[PDB]
Amino acid sequence: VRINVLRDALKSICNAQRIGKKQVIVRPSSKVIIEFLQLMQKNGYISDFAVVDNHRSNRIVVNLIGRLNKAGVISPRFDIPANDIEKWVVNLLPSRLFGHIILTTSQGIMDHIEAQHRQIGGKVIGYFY
Amino acid sequence: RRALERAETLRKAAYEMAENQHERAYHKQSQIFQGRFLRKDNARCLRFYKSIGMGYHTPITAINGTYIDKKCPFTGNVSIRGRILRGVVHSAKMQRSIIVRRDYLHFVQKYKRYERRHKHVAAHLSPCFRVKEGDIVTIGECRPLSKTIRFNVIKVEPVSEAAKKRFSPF
Amino acid sequence: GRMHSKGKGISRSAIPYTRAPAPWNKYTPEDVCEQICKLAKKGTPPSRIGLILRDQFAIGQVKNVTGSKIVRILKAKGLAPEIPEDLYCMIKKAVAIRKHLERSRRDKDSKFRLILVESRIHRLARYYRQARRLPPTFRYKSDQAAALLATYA
Amino acid sequence: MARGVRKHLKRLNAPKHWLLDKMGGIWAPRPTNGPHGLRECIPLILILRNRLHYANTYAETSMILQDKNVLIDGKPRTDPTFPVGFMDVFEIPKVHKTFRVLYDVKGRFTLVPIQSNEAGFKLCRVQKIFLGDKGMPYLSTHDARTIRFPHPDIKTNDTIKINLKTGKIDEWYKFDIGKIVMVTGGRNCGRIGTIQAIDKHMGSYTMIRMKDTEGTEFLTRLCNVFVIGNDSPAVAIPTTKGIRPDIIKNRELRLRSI
Amino acid sequence: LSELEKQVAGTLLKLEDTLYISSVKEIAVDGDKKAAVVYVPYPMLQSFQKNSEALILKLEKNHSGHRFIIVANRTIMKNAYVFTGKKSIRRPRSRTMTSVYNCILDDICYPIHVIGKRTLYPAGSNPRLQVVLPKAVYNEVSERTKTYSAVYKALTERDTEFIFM
RNA sequence: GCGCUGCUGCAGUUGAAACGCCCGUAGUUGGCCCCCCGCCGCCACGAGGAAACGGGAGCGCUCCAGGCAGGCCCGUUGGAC
Ligand SMILES: [Mg+2]
Ligand SMILES: [Mg+2]
Ligand SMILES: [Mg+2]
Ligand SMILES: [Mg+2]
Ligand SMILES: [Mg+2]
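Residue numbers (PDB author numbering), protein chains in the order written: chain W, 2 to 130; chain L, 30 to 199; chain N, 2 to 154; chain E, 1 to 258; chain H, 27 to 43, 54 to 201.
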């Protein structure tokens, strides 16, 4: 059965971008998907997207512009301490200069840079670069 | 009038307990001096009760009941001190005792994951409470009352019928 | 067809986006309620009731006219069956299998099917015992199923 | 399990705030029971030998004490292991030196020199009120002293001024919001501040929130909060006013002194 | 208890030759034209819904100066559960903010049934919702879309725009 | 060393290895939705609680392994955390 909606969305996005497509459709919508996409948009990877209402299982449309090279999720939400972020950054990211790691906190969904700025920790959602 | 009715019931019960010749001993409240029961007037109290003191309230059943229990926290001679805990009822077969199930989590660092663990804790249940399996109870710590008992029930919250068993840390 | 099989079709129904009644609707929310009343008195299951309403009276969806579903209306009117319909039909099918089998007991596929049906019955009955839609004492027994069928029908 | 009480003390097992060298020896002095406990005291010999340096060995200290050359709260003490505690009076008439034992910000015992006018008394913390024989009201303190027939207006955790010559109460300071205090236990020993809040939990500890003169705020449990007056200290305090510097400023001060 | 209500009530008293209103709210638009929203009590919205197109046309024709819209006043509660200390009080779903806004949107254009909704998330611009109306009806409603957007923004801070598809 | 015990992080057509198939209890895992109330986990801060060891500030035992010393005109000389 379906479980991780975000994983399916990200796999579809990467698949489409691989063959240089321009638009994608991901079937189930969710708040977490929306925040993930908003962060991606603010960082400049996926431009604009739209949410289509149908009362059940809202669909989404996203517009691509290359740029993105990889995206993923970490299924079991591990609890990163505030001072334990560097190890995950080194393990997961190609370099310590341009990748982004997403965390969910009591202060909301933000990036690892922002969490380091506020010296707080939380749970990990995913990554993109 | 209301007061007069209560004394009659309290006065009356002590006499059936004297007519239950199958019992070997006469059970009485230590605090009360046996002798007030021959006073026709109602100028002396016939039942003893106290307050737990941690914000809990004394049930009406204890105050208006007609039972004797030296291990009850309200009408007896024990004191609540220490830790307060919550759990679910696992078994209720003994005369005035139950087994309480407590659920908690254990973390394993190597795998960065958890395990579910449970423990069984026995407690004394006073006749002022009605309890069936699956109910939620609050237990308070007391002095050693027996080989495996150091807790007394002080609150009961009912649980509905055929409710599915669920892992409930408290 | 997934729980007890290997198939996976997708034949379903797709209701409209808008919840309003038809522009040619000429029925107040009550008029249907009486029609439901008389149909139920004739021992008609709700699914057949919806079929009859849709075909004969041109009502695509009852909820869009009355704001409520058929079984809720029946319960408010005190006419809903004690035993839910899906479970009752499963028990019918089990009884039929058992009868055909006691006529002749060399058929193994029939026993296979009976096993599947009883498993489904147990699962659904457990779910209904939870949610307090059935008495806690309700239990399904193979040898007394026909009796319950007769009384609970 | 030992069959009786303990009489020795390994040096490595001694309290840290005594500042005893690892290589001094296997053993350390074992204080005898008295006004103060093991972990809230310091033996006399340590003060007389390792600080003031008037003696260089155990024997010299023994002679000095048995010749009656130190008075503790007006009474000569000949025990080298006698325990000295907080807000005690240390007078040596032979050299006209008078000290009051207090806490430094770092959390160690210090000797603050005093005058003649304020050396006739001491401050005590009352932590227990009980009925003794015949129902007579009583009152105890942190230095293991009991006083009969106290004023009803005196409650627990209050502070009491008593004349050294005569154990009679003069005035008392209540435990209330807005009163200067001094912390005597834990991570914040030696800090001085004013009470801002009091929060109690039924059946557990009571937590006190204090604010320092500079605006810093800190928390500690009520078991080690000592009142030292009404908004202004009643006794002379160290040169610093209960301000703990950060590691950076302490390093700057060290470099300056280098 | 304001001027507008006086003349609208007089109008209503003229129109019949049983139903009363709660209040009247007036919202401004970029043009000199404004909008008047009439807050109908909930139990009689359907009472003012059957033949209300004529009602609004006649009301506009009597007192010109701004268009008239009829909506119901619904309450919004700010807690899914309420803890009295002994039990819990559950908030009905009808009192949520999301349901109320959708009902408002349907009521603003009650005669014409909405066919779809979409919300766009531009790179820099604030997210905005765009709805889809039947392609059959246009010139009737083309001239009252700015007012609809303004009233929706006023009641709900969420912004929007209108198209036909 | 060994990603040859694999949480990070192995392998399972043919090299060693997918139960003959189905039902099924414990166990594990479970779509979307309510803007704030209570509870569990979670994050941060704090109190409280021995040192030695380890880390670490300062000091030329001639250096060093070490030790907590030491200088005169010393934070109240220091042994902070
Ligand atoms: Mg299955
Ligand atoms: Mg399928
Ligand atoms: Mg191998
Ligand atoms: Mg082979
Ligand atoms: Mg092989």
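From the three backbone atoms N, C-alpha and C, an ideal C-beta is built for every residue, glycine too.
Contact set for residue i: own chain, Cβ-Cβ below 6 Å, skip 5 residues either direction
i                     : result
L102 (chain N)        : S111
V125 (chain W)        : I75, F79, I81 and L104
residue 203 (chain H) : There is no way to answer for residue 203 (chain H), as the model of chain H reaches only from 27 to 201.
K128 (chain E)        : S140
Residue j beta carbon less than 9 Å from that of residue i
i                     : j              : result
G242 (chain E)        : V126 (chain E) : no
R131 (chain L)        : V150 (chain L) : yes
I113 (chain L)        : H153 (chain L) : no
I53 (chain N)         : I92 (chain N)  : no
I14 (chain W)         : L69 (chain W)  : yes
residue 207 (chain H) : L30 (chain H)  : Residue coverage of chain H in this structure runs from 27 to 201, which leaves residue 207 (chain H) outside it and unanswerable.
residue 49 (chain H)  : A108 (chain H) : Since chain H is numbered 43 and then 54, with no step between, residue 49 (chain H) has no place in the structure shown.
Contact list for residue i against chain N, beta-carbon separation under 8 Å
i              : result
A191 (chain L) : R130, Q131, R133 and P137
Beta-carbon proximity list for residue i, same chain, < 8 Å, skipping 5 on both sides
i                    : result
residue 16 (chain L) : This structure cannot speak to residue 16 (chain L), because chain L is shown only from 30 to 199.
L219 (chain E)       : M207, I208, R209 and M210
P93 (chain E)        : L71
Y117 (chain H)       : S124, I125, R126 and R127
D56 (chain N)        : none
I71 (chain N)        : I37, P47, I50, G51 and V63
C139 (chain H)       : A108 and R110
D98 (chain L)        : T104, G105, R125, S155 and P156
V118 (chain N)       : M91, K94, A95 and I98
Chain-order list of residues whose beta-carbon lies under 7 Å from that of residue i (same chain, five-residue window excluded)
i              : result
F104 (chain H) : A72, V74, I92, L95 and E96
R8 (chain W)   : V74
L40 (chain N)  : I50 and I53
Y184 (chain H) : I144, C145 and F198
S197 (chain L) : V117 and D132
Residue i CB to nearest heavy atom of ligand 6 below 8 Å
i             : result
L71 (chain E) : Here the bound small molecules are ligand 1, ligand 2, ligand 3, ligand 4 and ligand 5; ligand 6 is not part of this structure.
Chain-ordered neighbours of residue i on chain E, where CB pairs are closer than 8 Å
i              : result
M123 (chain L) : Simply none; closest approach about 29 Å.
For residue j and residue i, believed in contact at Cβ under 8 Å, the rounded distance
i              : j              : result
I102 (chain W) : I110 (chain W) : Not really, about 12 Å apart at Cβ, beyond 8 Å.
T181 (chain H) : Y188 (chain H) : Rounded, the Cβ-Cβ distance is 11 Å, inconsistent with contact.
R108 (chain E) : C124 (chain E) : Wrong, their Cβ atoms sit about 22 Å apart, outside the cutoff.
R100 (chain E) : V84 (chain E)  : About 11 Å separates the two Cβ atoms, so there is no contact after all.
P137 (chain N) : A191 (chain L) : 5 Å
Cross-chain neighbours of residue i in chain L, by beta carbon under 9 Å
i              : result
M202 (chain E) : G82, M83 and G84
Cβ neighbour criterion (16 or more within 10 Å) applied to residue i
i                    : result
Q24 (chain W)        : exposed
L40 (chain W)        : buried
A10 (chain W)        : buried
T159 (chain E)       : buried
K122 (chain E)       : buried
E217 (chain E)       : exposed
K165 (chain E)       : exposed
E91 (chain E)        : buried
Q18 (chain W)        : buried
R221 (chain E)       : exposed
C41 (chain E)        : buried
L135 (chain N)       : buried
residue 51 (chain H) : Structure remark: chain H lacks residues between 43 and 54, so residue 51 (chain H) is without coordinates.
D68 (chain H)        : exposed
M123 (chain L)       : exposed
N250 (chain E)       : exposed
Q82 (chain H)        : exposed
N84 (chain W)        : exposed
Within chain W, the residues that residue i reaches when beta carbons sit closer than 7 Å
i              : result
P158 (chain H) : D49
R194 (chain H) : Near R194 (chain H) there are no residues of chain W at all, since even the closest Cβ is about 14 Å away, more than 7 Å.
Chain-ordered chain W contacts of residue i [CB-CB under 9 Å]
i              : result
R164 (chain H) : By Cβ distance, chain W contributes nothing, its closest Cβ being about 11 Å from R164 (chain H), past 9 Å.
Neighbouring residues, chain H, relative to residue i (Cβ below 7 Å)
i             : result
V53 (chain W) : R154
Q39 (chain W) : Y157
Partners in chain H for residue i, counting only beta-carbon separations shorter than 9 Å
i             : result
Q24 (chain W) : Simply none; closest approach about 14 Å.
Interface partners of residue i on chain H, CB under 8 Å
i             : result
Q42 (chain W) : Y157 and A159
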